[PDB]
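Visitor: Before I ask anything, let me first share the structure, which is written out below as structure tokens.
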Amino acid sequence: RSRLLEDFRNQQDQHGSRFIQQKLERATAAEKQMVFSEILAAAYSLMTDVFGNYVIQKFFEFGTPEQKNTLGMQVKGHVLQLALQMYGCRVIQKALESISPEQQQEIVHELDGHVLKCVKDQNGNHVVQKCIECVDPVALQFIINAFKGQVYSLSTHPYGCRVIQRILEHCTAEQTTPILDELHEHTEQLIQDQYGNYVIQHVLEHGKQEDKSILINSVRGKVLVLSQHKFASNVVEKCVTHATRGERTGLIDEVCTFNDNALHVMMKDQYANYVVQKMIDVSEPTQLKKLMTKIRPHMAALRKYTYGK
Amino acid sequence: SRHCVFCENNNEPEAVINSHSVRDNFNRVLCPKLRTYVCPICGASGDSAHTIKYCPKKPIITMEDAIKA
RNA sequence: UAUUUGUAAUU
Ligand SMILES: [Zn+2]
Ligand SMILES: [Zn+2]
């Protein structure tokens, strides 16, 4: 048959897989069941294929769901092995949106307590996020219960912060609440971290108002210190935008009382000027005019930089 | 592009702006005006040159340092 | 004259 491989190379291979993709929309269902029945044998090895996985992905939709289930069973028993594998996990995450929610729940029950070494993989985190988006949050209570004591240590993790945002965006109140309090504990250190600022930033533009009130109250006193910091400056940015008029006024009045030269540190420093800019376009004309008449002289120190204000 | 920005912000003639790019292909500083400038804080120059506002040792200033000065 | 404006894991 390899003689026909070199008789078609003269005109699992990218040509054959992508032509399968562009002609799977045609042909007969008898050929569909033909190939599917020709794969059901040992698909456990066909998952970890660089371009067989394109084919598996493409067929997880155009076929009758019977093939989705019958091939679904030819996977369980080896999920902890195929979840870390690159192409296997592309197959998985591209397959969790086509099967039935029951088989989905079977997959969720396949891995419990493993979360530790799962998101701590280059491939496990993507699948975890895909499941937090797909699977019902109530079935993922093992995630919320696998993080007791593990919230602060993994919220600063690069693969961890993504999963944290996915949990906070696709869950109920009972699931988002305990992790949210775990975040309210270590806030002052999370902001300083390169990935805690993604988490807090995601909170300020998604969560309930009350969390934003708590966090804003846990900042009043660190405006110049964090606007001068590298990552925290974004927290200040996306913090002054999403706020009530009363909190905007509170922080604005907390800034305009800076010791003059502190305003010079604001305008000069490589980060605080963003805080100034995004602070301009949220305030009411009352506090806006009370800030125009406050740092107007320092303006005469930005015409040499790149600020056309 | 093939042009720098540092020389553009300092209003150098239009040929100097388009003469060099801001940095190297290896994040080495390339603009000769910036490579000349020795950092008054961290002392570095040339490949790792930078101005004061962007110095890695530019200290974080609290409200206390704003009261005492 | 010190002047460039600033963050995220895979086919
Ligand atoms: Zn230059
Ligand atoms: Zn320096």
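Going by Swiss-Prot, the residues shown for chain A are 1092-1102, 1121-1418, listed in order.
Determined by X-ray crystallography, 4.0 Å, according to the entry header.
Every residue gets a Cβ built from N, Cα and C, even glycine.
Quick paste from Swiss-Prot:
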- A:1126-1130: region 'Adenine-nucleotide binding in RNA target' (REGION)
- A:1162-1166: region 'Uracil-nucleotide binding in RNA target' (REGION)
- A:1198-1202: region 'Adenine-nucleotide binding in RNA target' (REGION)
- A:1234-1238: region 'Non-specific-nucleotide binding in RNA target' (REGION)
- A:1270-1274: region 'Adenine-nucleotide binding in RNA target' (REGION)
- A:1306-1310: region 'Uracil-nucleotide binding in RNA target' (REGION)
- A:1342-1346: region 'Guanine-nucleotide binding in RNA target' (REGION)
- A:1382-1386: region 'Uracil-nucleotide binding in RNA target' (REGION)
- A:1147-1182: repeat 'Pumilio 2' (REPEAT)
- A:1183-1218: repeat 'Pumilio 3' (REPEAT)
- A:1219-1254: repeat 'Pumilio 4' (REPEAT)
- A:1255-1290: repeat 'Pumilio 5' (REPEAT)
- A:1291-1326: repeat 'Pumilio 6' (REPEAT)
- A:1327-1362: repeat 'Pumilio 7' (REPEAT)
- A:1366-1402: repeat 'Pumilio 8' (REPEAT)
Visitor: Please check the gap where 18 residues are unmodelled: Cα of A:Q1102 to Cα of A:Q1121, in angstrom.
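Guide: Here the endpoints' Cα atoms lie 17 Å from each other.
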Visitor: Is the region 'Non-specific-nucleotide binding in RNA target' (A:1234-1238) packed against any residues at least 6 beyond its ends, judged by a Cβ distance under 8 Å, and which are they?
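Guide: Hits for the region 'Non-specific-nucleotide binding in RNA target' (A:1234-1238): 1192, 1198, 1201-1202, 1205, 1224, 1227-1228, 1252, 1268-1269, 1271-1272, 1275.
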Visitor: Which one, A:1126-1130, A:1306-1310, A:1382-1386, has the most C-beta pairs under 8 Å toward the region 'Uracil-nucleotide binding in RNA target' (A:1162-1166)?
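Guide: Stretch with the highest Cβ contact count: A:1126-1130.
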Visitor: Please list, for the repeat 'Pumilio 7' (A:1327-1362), how many residues fall into helix, strand and coil according to DSSP.
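Guide: Computed counts for the repeat 'Pumilio 7' (A:1327-1362) are 23 helix, 0 strand, 13 coil.
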Visitor: If you count every Cβ pair below 8 Å, which range out of A:1126-1130, A:1198-1202, A:1342-1346 shares the most with the region 'Uracil-nucleotide binding in RNA target' (A:1306-1310)?
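Guide: Result: A:1342-1346.
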Visitor: Determine which residues of the chain contact the region 'Adenine-nucleotide binding in RNA target' (A:1126-1130) at the Cβ level, with the cut-off under 8 Å and only residues 6 or more beyond its ends counted.
Guide: 1160-1161, 1163-1164, 1167
